[PDB]
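These notes concern the structure reproduced below.
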Amino acid sequence: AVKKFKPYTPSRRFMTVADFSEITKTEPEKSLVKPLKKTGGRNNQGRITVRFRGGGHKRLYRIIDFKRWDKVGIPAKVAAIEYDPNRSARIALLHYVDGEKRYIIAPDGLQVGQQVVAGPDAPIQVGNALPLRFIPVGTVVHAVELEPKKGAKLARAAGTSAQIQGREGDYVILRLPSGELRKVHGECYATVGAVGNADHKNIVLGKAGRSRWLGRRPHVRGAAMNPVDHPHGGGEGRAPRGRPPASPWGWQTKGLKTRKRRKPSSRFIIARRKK
Amino acid sequence: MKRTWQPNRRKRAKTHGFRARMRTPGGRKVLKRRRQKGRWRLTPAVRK
RNA sequence: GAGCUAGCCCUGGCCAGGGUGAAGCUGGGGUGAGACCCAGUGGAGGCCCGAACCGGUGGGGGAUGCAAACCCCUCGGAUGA
RNA sequence: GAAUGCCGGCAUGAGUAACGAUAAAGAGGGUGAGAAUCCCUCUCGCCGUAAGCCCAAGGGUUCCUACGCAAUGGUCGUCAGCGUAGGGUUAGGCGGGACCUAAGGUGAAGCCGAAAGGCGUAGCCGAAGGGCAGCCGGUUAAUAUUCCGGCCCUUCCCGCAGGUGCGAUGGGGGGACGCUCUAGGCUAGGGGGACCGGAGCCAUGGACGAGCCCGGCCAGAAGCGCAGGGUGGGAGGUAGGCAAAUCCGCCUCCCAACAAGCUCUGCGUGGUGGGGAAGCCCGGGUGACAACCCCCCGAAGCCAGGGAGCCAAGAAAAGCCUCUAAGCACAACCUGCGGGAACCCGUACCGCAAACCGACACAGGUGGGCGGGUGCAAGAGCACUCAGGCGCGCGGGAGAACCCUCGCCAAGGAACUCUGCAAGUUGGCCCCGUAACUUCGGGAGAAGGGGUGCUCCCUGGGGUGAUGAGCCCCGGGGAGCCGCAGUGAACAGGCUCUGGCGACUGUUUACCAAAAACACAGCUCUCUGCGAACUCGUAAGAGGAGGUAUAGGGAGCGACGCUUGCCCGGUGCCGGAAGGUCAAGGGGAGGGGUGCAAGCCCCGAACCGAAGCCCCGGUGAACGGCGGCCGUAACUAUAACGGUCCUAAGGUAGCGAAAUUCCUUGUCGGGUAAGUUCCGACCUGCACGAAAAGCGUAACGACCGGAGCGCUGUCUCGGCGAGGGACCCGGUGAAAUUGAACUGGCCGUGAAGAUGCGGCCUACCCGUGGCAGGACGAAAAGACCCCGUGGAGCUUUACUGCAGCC
RNA sequence: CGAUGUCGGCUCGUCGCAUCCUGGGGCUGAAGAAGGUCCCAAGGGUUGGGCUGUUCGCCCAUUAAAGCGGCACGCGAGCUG
RNA sequence: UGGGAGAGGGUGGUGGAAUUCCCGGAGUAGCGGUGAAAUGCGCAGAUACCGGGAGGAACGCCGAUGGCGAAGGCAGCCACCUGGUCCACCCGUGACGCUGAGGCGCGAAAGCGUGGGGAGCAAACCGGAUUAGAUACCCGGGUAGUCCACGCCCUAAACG
RNA sequence: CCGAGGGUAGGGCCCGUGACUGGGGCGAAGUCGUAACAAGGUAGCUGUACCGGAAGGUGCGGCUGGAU
RNA sequence: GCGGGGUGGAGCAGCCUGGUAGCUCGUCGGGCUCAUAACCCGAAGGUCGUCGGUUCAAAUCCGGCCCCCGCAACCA
Ligand SMILES: *C(=O)[C@H](CCSC)NC=O
Ligand SMILES: [K+]
Ligand SMILES: [Mg+2]
Ligand SMILES: [Mg+2]
Ligand SMILES: [Mg+2]
Ligand SMILES: [Mg+2]
Ligand SMILES: [Mg+2]
Ligand SMILES: [Mg+2]
Ligand SMILES: [Mg+2]
Ligand SMILES: [Mg+2]
Ligand SMILES: [Mg+2]
Ligand SMILES: [Mg+2]
Ligand SMILES: [Mg+2]
Ligand SMILES: [Mg+2]
Ligand SMILES: [Mg+2]
Ligand SMILES: [Mg+2]
Ligand SMILES: [Mg+2]
Ligand SMILES: [Mg+2]
Ligand SMILES: [Mg+2]
Ligand SMILES: [Mg+2]
Ligand SMILES: [Mg+2]
Ligand SMILES: [Mg+2]
Ligand SMILES: [Mg+2]
Ligand SMILES: [Mg+2]
Ligand SMILES: [Mg+2]
Ligand SMILES: [Mg+2]
Ligand SMILES: [Mg+2]
Ligand SMILES: [Mg+2]
Ligand SMILES: [Mg+2]
Ligand SMILES: [Mg+2]
Ligand SMILES: [Mg+2]
Ligand SMILES: [Mg+2]
Ligand SMILES: [Mg+2]
Ligand SMILES: [Mg+2]
Ligand SMILES: [Mg+2]
Ligand SMILES: [Mg+2]
Ligand SMILES: [Mg+2]
Ligand SMILES: [Mg+2]
Ligand SMILES: [Mg+2]
Ligand SMILES: [Mg+2]
Ligand SMILES: [Mg+2]
Ligand SMILES: [Mg+2]
Ligand SMILES: [Mg+2]
Ligand SMILES: [Mg+2]
Ligand SMILES: [Mg+2]
Ligand SMILES: [Mg+2]
Ligand SMILES: [Mg+2]
Ligand SMILES: [Mg+2]
Ligand SMILES: [Mg+2]
Ligand SMILES: [Mg+2]
Ligand SMILES: [Mg+2]
Ligand SMILES: [Mg+2]
Ligand SMILES: [Mg+2]
Ligand SMILES: [Mg+2]
Ligand SMILES: [Mg+2]
Ligand SMILES: [Mg+2]
Ligand SMILES: [Mg+2]
Ligand SMILES: [Mg+2]
Ligand SMILES: [Mg+2]
Ligand SMILES: [Mg+2]
Ligand SMILES: [Mg+2]
Ligand SMILES: [Mg+2]
Ligand SMILES: [Mg+2]
Ligand SMILES: [Mg+2]
Ligand SMILES: [Mg+2]
Ligand SMILES: [Mg+2]
Ligand SMILES: [Mg+2]
Ligand SMILES: [Mg+2]
Ligand SMILES: [Mg+2]
Ligand SMILES: [Mg+2]
Ligand SMILES: [Mg+2]
Ligand SMILES: [Mg+2]
Ligand SMILES: [Mg+2]
Ligand SMILES: [Mg+2]
Ligand SMILES: [Mg+2]
Ligand SMILES: [Mg+2]
Ligand SMILES: [Mg+2]
Ligand SMILES: [Mg+2]
Ligand SMILES: [Mg+2]
Ligand SMILES: [Mg+2]
Ligand SMILES: [Mg+2]
Ligand SMILES: [Mg+2]
Ligand SMILES: [Mg+2]
Ligand SMILES: [Mg+2]
Ligand SMILES: [Mg+2]
Ligand SMILES: [Mg+2]
Ligand SMILES: [Mg+2]
Ligand SMILES: [Mg+2]
Ligand SMILES: [Mg+2]
Ligand SMILES: [Mg+2]
Ligand SMILES: [Mg+2]
Ligand SMILES: [Mg+2]
Ligand SMILES: [Mg+2]
Ligand SMILES: [Mg+2]
Ligand SMILES: [Mg+2]
Ligand SMILES: [Mg+2]
Ligand SMILES: [Mg+2]
Ligand SMILES: [Mg+2]
Ligand SMILES: [Mg+2]
Ligand SMILES: [Mg+2]
Ligand SMILES: [Mg+2]
Ligand SMILES: [Mg+2]
Ligand SMILES: [Mg+2]
Ligand SMILES: [Mg+2]
Ligand SMILES: [Mg+2]
Ligand SMILES: [Mg+2]
Ligand SMILES: [Mg+2]
Ligand SMILES: [Mg+2]
Ligand SMILES: [Mg+2]
Ligand SMILES: [Mg+2]
Ligand SMILES: [Mg+2]
Ligand SMILES: [Mg+2]
Ligand SMILES: [Mg+2]
Ligand SMILES: [Mg+2]
Ligand SMILES: [Mg+2]
Ligand SMILES: [Mg+2]
Ligand SMILES: [Mg+2]
Ligand SMILES: [Mg+2]
Ligand SMILES: [Mg+2]
Ligand SMILES: [Mg+2]
Ligand SMILES: [Mg+2]
Ligand SMILES: [Mg+2]
Ligand SMILES: [Mg+2]
Ligand SMILES: [Mg+2]
Ligand SMILES: [Mg+2]
Ligand SMILES: [Mg+2]
Ligand SMILES: [Mg+2]
Ligand SMILES: [Mg+2]
Ligand SMILES: [Mg+2]
Ligand SMILES: [Mg+2]
Ligand SMILES: [Mg+2]
Ligand SMILES: [Mg+2]
Ligand SMILES: [Mg+2]
Ligand SMILES: [Mg+2]
Ligand SMILES: [Mg+2]
Ligand SMILES: [Mg+2]
Ligand SMILES: [Mg+2]
Ligand SMILES: [Mg+2]
Ligand SMILES: [Mg+2]
Ligand SMILES: [Mg+2]
Ligand SMILES: [Mg+2]
Ligand SMILES: [Mg+2]
Ligand SMILES: [Mg+2]
Ligand SMILES: [Mg+2]
Ligand SMILES: [Mg+2]
Ligand SMILES: [Mg+2]
Ligand SMILES: [Mg+2]
Ligand SMILES: [Mg+2]
Ligand SMILES: [Mg+2]
Ligand SMILES: [Mg+2]
Ligand SMILES: [Mg+2]
Ligand SMILES: [Mg+2]
Ligand SMILES: [Mg+2]
Ligand SMILES: [Mg+2]
Ligand SMILES: [Mg+2]
Ligand SMILES: [Mg+2]
Ligand SMILES: [Mg+2]
Ligand SMILES: [Mg+2]
Ligand SMILES: [Mg+2]
Ligand SMILES: [Mg+2]
Ligand SMILES: [Mg+2]
Ligand SMILES: [Mg+2]
Ligand SMILES: [Mg+2]
Ligand SMILES: [Mg+2]
Ligand SMILES: [Mg+2]
Ligand SMILES: [Mg+2]
Ligand SMILES: [Mg+2]
Ligand SMILES: [Mg+2]
Ligand SMILES: [Mg+2]
Ligand SMILES: [Mg+2]
Ligand SMILES: [Mg+2]
Ligand SMILES: [Mg+2]
Ligand SMILES: [Mg+2]
Ligand SMILES: [Mg+2]
Ligand SMILES: [Mg+2]
Ligand SMILES: [Mg+2]
Ligand SMILES: [Mg+2]
Ligand SMILES: [Mg+2]
Ligand SMILES: [Mg+2]
Ligand SMILES: [Mg+2]
Ligand SMILES: [Mg+2]
Ligand SMILES: [Mg+2]
Ligand SMILES: [Mg+2]
Ligand SMILES: [Mg+2]
Ligand SMILES: [Mg+2]
Ligand SMILES: [Mg+2]
Ligand SMILES: [Mg+2]
Ligand SMILES: [Mg+2]
Ligand SMILES: [Mg+2]
Ligand SMILES: [Mg+2]
Ligand SMILES: [Mg+2]
Ligand SMILES: [Mg+2]
Ligand SMILES: [Mg+2]
Ligand SMILES: [Mg+2]
Ligand SMILES: [Mg+2]
Ligand SMILES: [Mg+2]
Ligand SMILES: [Mg+2]
Ligand SMILES: [Mg+2]
Ligand SMILES: [Mg+2]
Ligand SMILES: [Mg+2]
Ligand SMILES: [Mg+2]
Ligand SMILES: [Mg+2]
Ligand SMILES: [Mg+2]
Ligand SMILES: [Mg+2]
Ligand SMILES: [Mg+2]
Ligand SMILES: [Mg+2]
Ligand SMILES: [Mg+2]
Ligand SMILES: [Mg+2]
Ligand SMILES: [Mg+2]
Ligand SMILES: [Mg+2]
Ligand SMILES: [Mg+2]
Ligand SMILES: [Mg+2]
Ligand SMILES: [Mg+2]
Ligand SMILES: [Mg+2]
Ligand SMILES: [Mg+2]
Ligand SMILES: [Mg+2]
Ligand SMILES: [Mg+2]
Ligand SMILES: [Mg+2]
Ligand SMILES: [Mg+2]
Ligand SMILES: [Mg+2]
Ligand SMILES: [Mg+2]
Ligand SMILES: [Mg+2]
Ligand SMILES: [Mg+2]
Ligand SMILES: [Mg+2]
Ligand SMILES: [Mg+2]
Ligand SMILES: [Mg+2]
Ligand SMILES: [Mg+2]
Ligand SMILES: [Mg+2]
Ligand SMILES: [Mg+2]
Ligand SMILES: [Mg+2]
């Protein structure tokens, strides 16, 4: 439910922020936070290996439970819903009746003070985790393991979901957030419901400064550089690409498919992505 | 204006120091070369 | 060789004073309920003016210099990328 | 004898420039061989959010003292950061270590790499972060939170008493966190006192005063008081915190819940210990039995881990507390008291600078804290001034040109010039007032104006206090006074109209470009299903991301508005299990060598045989591209219309002599006395055009145009004046350059521009201040240009390789 | 080419004369006035503006007249840029 | 008070037919289209047929000359929430009425903003025909849009 | 003090005029096509959108003032 | 300067490879129509820009002159 601003500055004219209404707890669980180590896109060689990053707000990483088969049959109460600066999704606090506390990512509609549970015999209610094979065909679902007991890998971003489409053998068939049709093993867990905070994409950063707060350093166009730097470098005055549009490293960047062809997972992808 | 030499005893010792030299193959050759030449000091003076 | 300089990481510090007056909140009006309007409150902002601080626009001087880039006048930013 | 040779030595320029901020000096008295320069006194000027004080880094004896002046000091020197020598730096509490972790670094396990080595969880290392016990004064020539004095405190060891299930590297709590705004109460600091203490002072016309001048505190355990911070208590269950657990987490029940209580900090008080001015004497004495009090202002600091709001969501680990586990419960720990024990390193001095970084005692650079008073709305701004600290290590004269920095200027007022460049103007505050347009915020300080001092009188409100006085802070009204002038000094916008470009704040070529360039929110295309794609790396391993398609990579475009047309023939990319081509390999018609022969050996056709290519499609916010000629209307002219050739298709909307228009100052209109620029139009657009986006667009701009008002020394057109130089005298004393020089004009000649040749003319010898026509003056072995089968960056459908990928 | 700095402006001139003006003439299709055209003459003079980097040119308002050219398209160890 | 008819409205959910596409099968030389054709699709295996899958949109028969609403308009089925309206009884208030400048709300399609969705259809657009031309009518394609949500637009042969 | 009015500055309404530009009315015998009136040879009309030398065409929905 | 062109009335083939001129439109006669267009049937018209050369023979190949279209005209 994105908030607008009056144009009392040039940048407030367009800037929009999240409403934060669902958030019920404005400081994290101390037992569940650890320092997020900023990299700046630099690897253990010290080299920038992902460009244009750094200088973002300091963050604490909130440990999220991407297993949940960890605790079959033990119900938890939804103590709170909290801000997580490491994701687009909001996170939910779970007070397990175990007395154990854990974070999961908050599905849409999950209300604070409700109960959730995980396991083969869990109800089909928003917030619950089941192996895929026990979730009714047609059910919208998020936080999906790609392989059994390996961790939730699919559909974690704000507002996202995967829909179960049908089954084949030990496998079920998902339509991913991307629209790809993939077979995923039936013993893979997933949580019923779509990820919450769907209005996330309607946010209008509004000014250069917000990108900077997110650790996003300014991206500089190839066309703006010199031949030593980029295929699109140089030219007298402005210049069109003058060759197939390319990356800094020379490979073509308008249409060139890059999925490794002989990849074993090919046997499991039914249909490549949507739009 | 601000010039290029900005002394820093810790910086000097950790960068050109004996122990930094001994850790690296190129650094040992330095000591070896400076010994062979007969340098009075193998490593920059710095008071620590 | 990154004690200059460029980017990033970690940990600290700094930003006189003045001006403008967003949302929200309260009250009042309004209406079926509302939207909404008015006052007060409030104190937002790569908001305004202007020291420190960071700059280096125009002009003058300097030109075997005070200086291998400086000095004077003027000017830019000054809670922010 | 030449190599712009090399090393050295010494000349020339020259007693020349200069002597390093224009904050500034003068005199007296000392010392001494010698004094503008050292010491002392008085007078004068300068800084005073520093040019004062404290810490940090860096420096490393430079500190203090004696004795010295050859060199160092831009002069001098008796002086010195200089020479010689002697002395000087004292800690359980300050800083660091014997504590903790951050990035990072290292690295038992493990992984990888021809070697060297690379990586790597834990662990270790790593600080200006966490944690941890000292304050005030006195003392030395020089150290002091260090020595001394006073009053405090910490840890370790051992002992005694009391208490308790004691015990950890393990479990848990806590430590523990942002930005902005901010409440209460304090303290730092400051203002005032008709009160308290003080040596005095009465001047020059007046004042012996409720007069002047000076000062009126600092630290302090326990207790107490004020203000705050932190914190529920009890019970039952328990599968979770990788063993255990009474702890913690979760569930329920009682009680206490804006508290109280317990606790911990700040501030006040506090036994007590200190300190204590001017002035006058000789750093010291005196003052002095010093006094040590009241009121006001009041922090950004303290209580603090306070409160509120916001989104971008804000370290770790130890100390500490609690829980237990092996163990041990003659132990062990907790509390209190006592005695003992308590190590290593730093500590001098400079520290916005003459001691650091700049080759210099260099107008530059250098992080943190304190930074007093008055007045100007405020303030760290500005002027003056306190404490303190300085007059910048050449001086004395002179009173030219000219240069710099500065002040003024009759009449005119941009006529200057590429350009109002520069310099004027304007300038703070209060009040009145304020347009087009607009995204409704703005434009806006629009524009424009009026007020501003002082005195007397009347009065409204707030803080403190008490509800009053006093002090303090906002104001209101009336009557007056003076000057040319009242933000009387200093600090402190010129304005408007209209275009182009870029939305905007930002960013940039350190040291000739700050822009229209880069970035930017936003728009689109495209890749990527996660051991992601992509990137770095031989690899392992990292980044991506402890992220998961509302995500991440790459690319173009660049807020927003209204929009973004046609061409897929070529190139690219995407799709296509047919076909064609295609290497190694398979196959083996069939030949060849050799051997007596079995055999050994070699060649070899059809045929099966991948990707790539061909071929078949698709695809433009992929690379890109978007015609020619001829004719036609009832005046003329022009063609809505037609003919035909070509193409993959012939440029749509919008815009247009434009940041694009060659002809060009196109033509017409506007503005001007006059307009190659400007603005508005027209359209035969040499050679706009739609995300290398098209056309607009409020706001913004140290961007680039055009105009006007204001006002000016820009100019007509110059004048005068000030200071620093230039000039003269004393001191110190460079430089580039230089074949040698006894170095004139003209007209000729000459390798074609002659002081140097010819002829003629002119000319006594030598300087000083000036000016720049020549010495094809200096500087730099021309950057332009060419040449070299010279070099380097860059590009591609140049060649040939290689990585990578298939 | 081991360097001979370039347009235009400014400043400062100096020279030529194929004379723009002023002085002196002859011829005229010279009535006067005013012109044409040629001759002599370089002594002096030869303006201020708008446009443009401009020289040049055009234009405004004047003038006796608004001359042309050389001096490294005179002059950057004189300035501008 | 008691009753009735109804595509009146909003929300949530759900069923079958058909189309398109994908997968498997079986199968061969054309399909498709028109006035006739061509473009297009098809031996790289199309069409026609069977089984499987995904998705969107519209609801055949009932269905009417019908019903509802103030108008625009509303049609599978289910449930919830809700408006209007008619009838009966003759029970209650006792003229509380009519109209209505302004105002406010609703308002087909198209259109617009932001997300989503996208089978069929289809402005624009391309191609094949026709024609003197054919920027048309006809044919093969095809982008918005048509659909959902929120927010605008507020027009009409909004007509009886 | 007020005060005619003068001056400075900024606004509002109106009128005239303006390179050029936009459609409009009219104009005996121009050019192009043939949209409408017959089912006008694609029934027409319509609001709206888009497109095209032009009339128009086409989409979506509506109307009969539509032939049969 | 380099490249390409000139041919019935209009716009284009033929040139390369010598002997041959062709396509659409226009024009002319006829037809259909009441009439015109459209349409249908027949027909005329070039002598290849020009001059000179090569050859038995020149639109065709070589050279010149004339035009037209395009591209270039750069470095100080
Ligand atoms: C030519 O103009 C040249 C300038 C060099 S531009 C790189 N100078 C010649 O003397
Ligand atoms: K060049
Ligand atoms: Mg923790
Ligand atoms: Mg590393
Ligand atoms: Mg390394
Ligand atoms: Mg990268
Ligand atoms: Mg961030
Ligand atoms: Mg960019
Ligand atoms: Mg570039
Ligand atoms: Mg560039
Ligand atoms: Mg490089
Ligand atoms: Mg390249
Ligand atoms: Mg390029
Ligand atoms: Mg370029
Ligand atoms: Mg270009
Ligand atoms: Mg460029
Ligand atoms: Mg391009
Ligand atoms: Mg190109
Ligand atoms: Mg690749
Ligand atoms: Mg440094
Ligand atoms: Mg150091
Ligand atoms: Mg260091
Ligand atoms: Mg070392
Ligand atoms: Mg040495
Ligand atoms: Mg030695
Ligand atoms: Mg060494
Ligand atoms: Mg650095
Ligand atoms: Mg450094
Ligand atoms: Mg900080
Ligand atoms: Mg400060
Ligand atoms: Mg600031
Ligand atoms: Mg402030
Ligand atoms: Mg504010
Ligand atoms: Mg600001
Ligand atoms: Mg400057
Ligand atoms: Mg200036
Ligand atoms: Mg210089
Ligand atoms: Mg020199
Ligand atoms: Mg200044
Ligand atoms: Mg300023
Ligand atoms: Mg500020
Ligand atoms: Mg400012
Ligand atoms: Mg010789
Ligand atoms: Mg030499
Ligand atoms: Mg040599
Ligand atoms: Mg030498
Ligand atoms: Mg000499
Ligand atoms: Mg002399
Ligand atoms: Mg001399
Ligand atoms: Mg000198
Ligand atoms: Mg000097
Ligand atoms: Mg004196
Ligand atoms: Mg002396
Ligand atoms: Mg002396
Ligand atoms: Mg002295
Ligand atoms: Mg002061
Ligand atoms: Mg030193
Ligand atoms: Mg000496
Ligand atoms: Mg001496
Ligand atoms: Mg001596
Ligand atoms: Mg000396
Ligand atoms: Mg000396
Ligand atoms: Mg010196
Ligand atoms: Mg002496
Ligand atoms: Mg001590
Ligand atoms: Mg020890
Ligand atoms: Mg450690
Ligand atoms: Mg270390
Ligand atoms: Mg520390
Ligand atoms: Mg911290
Ligand atoms: Mg300590
Ligand atoms: Mg002391
Ligand atoms: Mg005991
Ligand atoms: Mg215990
Ligand atoms: Mg413990
Ligand atoms: Mg934390
Ligand atoms: Mg904030
Ligand atoms: Mg105190
Ligand atoms: Mg005060
Ligand atoms: Mg006092
Ligand atoms: Mg005393
Ligand atoms: Mg005494
Ligand atoms: Mg035991
Ligand atoms: Mg025992
Ligand atoms: Mg105990
Ligand atoms: Mg020890
Ligand atoms: Mg000390
Ligand atoms: Mg400092
Ligand atoms: Mg000093
Ligand atoms: Mg020194
Ligand atoms: Mg140096
Ligand atoms: Mg000095
Ligand atoms: Mg200095
Ligand atoms: Mg005053
Ligand atoms: Mg002030
Ligand atoms: Mg001085
Ligand atoms: Mg000074
Ligand atoms: Mg001096
Ligand atoms: Mg002097
Ligand atoms: Mg003199
Ligand atoms: Mg004057
Ligand atoms: Mg004027
Ligand atoms: Mg004037
Ligand atoms: Mg002017
Ligand atoms: Mg100008
Ligand atoms: Mg100026
Ligand atoms: Mg002024
Ligand atoms: Mg407005
Ligand atoms: Mg004003
Ligand atoms: Mg006065
Ligand atoms: Mg001022
Ligand atoms: Mg100002
Ligand atoms: Mg222009
Ligand atoms: Mg900009
Ligand atoms: Mg820019
Ligand atoms: Mg733009
Ligand atoms: Mg814009
Ligand atoms: Mg740039
Ligand atoms: Mg630069
Ligand atoms: Mg440069
Ligand atoms: Mg440099
Ligand atoms: Mg500059
Ligand atoms: Mg530039
Ligand atoms: Mg700028
Ligand atoms: Mg955009
Ligand atoms: Mg690589
Ligand atoms: Mg990670
Ligand atoms: Mg991205
Ligand atoms: Mg932009
Ligand atoms: Mg950009
Ligand atoms: Mg761009
Ligand atoms: Mg607009
Ligand atoms: Mg194409
Ligand atoms: Mg293609
Ligand atoms: Mg194609
Ligand atoms: Mg193949
Ligand atoms: Mg493109
Ligand atoms: Mg092309
Ligand atoms: Mg005609
Ligand atoms: Mg078009
Ligand atoms: Mg269009
Ligand atoms: Mg034009
Ligand atoms: Mg023009
Ligand atoms: Mg152009
Ligand atoms: Mg030209
Ligand atoms: Mg032009
Ligand atoms: Mg031009
Ligand atoms: Mg013109
Ligand atoms: Mg003109
Ligand atoms: Mg005019
Ligand atoms: Mg211009
Ligand atoms: Mg024209
Ligand atoms: Mg492009
Ligand atoms: Mg371009
Ligand atoms: Mg524009
Ligand atoms: Mg604008
Ligand atoms: Mg604009
Ligand atoms: Mg700007
Ligand atoms: Mg600017
Ligand atoms: Mg400007
Ligand atoms: Mg002057
Ligand atoms: Mg003077
Ligand atoms: Mg000397
Ligand atoms: Mg000689
Ligand atoms: Mg001689
Ligand atoms: Mg000659
Ligand atoms: Mg000569
Ligand atoms: Mg001679
Ligand atoms: Mg001779
Ligand atoms: Mg001679
Ligand atoms: Mg002579
Ligand atoms: Mg002299
Ligand atoms: Mg002289
Ligand atoms: Mg000279
Ligand atoms: Mg000269
Ligand atoms: Mg001179
Ligand atoms: Mg000369
Ligand atoms: Mg030079
Ligand atoms: Mg050389
Ligand atoms: Mg050379
Ligand atoms: Mg050179
Ligand atoms: Mg040359
Ligand atoms: Mg060669
Ligand atoms: Mg050669
Ligand atoms: Mg070469
Ligand atoms: Mg070369
Ligand atoms: Mg090369
Ligand atoms: Mg030369
Ligand atoms: Mg030379
Ligand atoms: Mg030279
Ligand atoms: Mg030169
Ligand atoms: Mg006459
Ligand atoms: Mg006469
Ligand atoms: Mg004559
Ligand atoms: Mg004359
Ligand atoms: Mg003359
Ligand atoms: Mg001119
Ligand atoms: Mg000329
Ligand atoms: Mg001209
Ligand atoms: Mg006359
Ligand atoms: Mg002449
Ligand atoms: Mg010439
Ligand atoms: Mg000349
Ligand atoms: Mg010159
Ligand atoms: Mg010059
Ligand atoms: Mg010049
Ligand atoms: Mg010269
Ligand atoms: Mg010269
Ligand atoms: Mg076959
Ligand atoms: Mg009744
Ligand atoms: Mg009514
Ligand atoms: Mg509607
Ligand atoms: Mg609609
Ligand atoms: Mg067609
Ligand atoms: Mg026809
Ligand atoms: Mg009807
Ligand atoms: Mg009057
Ligand atoms: Mg018709
Ligand atoms: Mg019709
Ligand atoms: Mg018809
Ligand atoms: Mg019809
Ligand atoms: Mg047409
Ligand atoms: Mg159409
Ligand atoms: Mg041919
Ligand atoms: Mg008849
Ligand atoms: Mg006929
Ligand atoms: Mg012949
Ligand atoms: Mg012939
Ligand atoms: Mg032939
Ligand atoms: Mg060139």
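When reading the values below, keep in mind they use all heavy atoms of this one structure, side chains included, and skip hydrogens, waters and symmetry mates. In what follows, chains are A, B, ... by sequence order, proteins preceding strands, each numbered from 1.
- Using a 4.0 Å heavy-atom cutoff across all strands shown, A:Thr253 reaches at least one base atom of the nucleic acid.
- At the phosphate of D:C520, neither OP1 nor OP2 sits under 4.0 Å from any side-chain N or O atom of A:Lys207.
- Residue A:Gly233 is classed as having no contact, given no heavy-atom separation below 4.0 Å to the nucleic acid.
- Remark on RNA chain D: of its neighbouring residues B:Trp5 and B:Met1, the 5'-side contact belongs to B:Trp5, judged by nearest-heavy-atom nucleotide.
- Using a 30° and 60° split on the angle between ring planes, A:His219 and A:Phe52 fall in the tilted class, from 30° to 60°.
- The nearest whole Å value for the distance from the CG atom in A:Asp199 to the P atom in D:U550 is 14 Å.
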Are there any protein N/O atoms within less than 3.5 Å of an N/O atom in nucleotides 20-23 of chain C, and if so, which ones and at what distance?
| residue | atom | partner | partner atom | Å |
| --- | --- | --- | --- | --- |
| C:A23 | OP1 | A:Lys6 | NZ | 3.2 |

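- With RNA chain D read from its 5' end, the first of the two nearest nucleotides for A:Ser211 and A:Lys25 is the one closest to A:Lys25.
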Where do N or O atoms of nucleotides 531-541 of chain D meet protein N or O atoms at under 3.5 Å, pair by pair?
| residue | atom | partner | partner atom | Å |
| --- | --- | --- | --- | --- |
| D:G531 | OP2 | A:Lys153 | NZ | 2.5 |
| D:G531 | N2 | A:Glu147 | OE1 | 3.1 |
| D:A533 | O3' | A:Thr258 | OG1 | 2.8 |
| D:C534 | OP1 | A:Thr258 | OG1 | 2.6 |
| D:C534 | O3' | A:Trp251 | NE1 | 3.3 |
| D:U535 | OP1 | A:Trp251 | NE1 | 3.1 |
| D:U535 | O2' | A:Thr49 | O | 3.4 |
| D:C536 | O2' | A:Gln45 | OE1 | 2.4 |
| D:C536 | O2 | A:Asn43 | ND2 | 3.2 |
| D:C536 | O2 | A:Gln45 | OE1 | 3.0 |
| D:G537 | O4' | A:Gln45 | NE2 | 2.9 |
| D:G541 | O2' | A:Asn44 | ND2 | 3.3 |

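- Between A:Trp249 and A:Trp251, the ring-plane angle classifies as parallel under the 30° and 60° cut-offs.
- No salt bridge links A:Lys71 with A:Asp65; every basic N to acidic carboxylate O contact stays at or beyond 4.0 Å.
- Atom CD of A:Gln163 is separated from atom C1' of F:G116 by 14 Å (rounded to the nearest Å).
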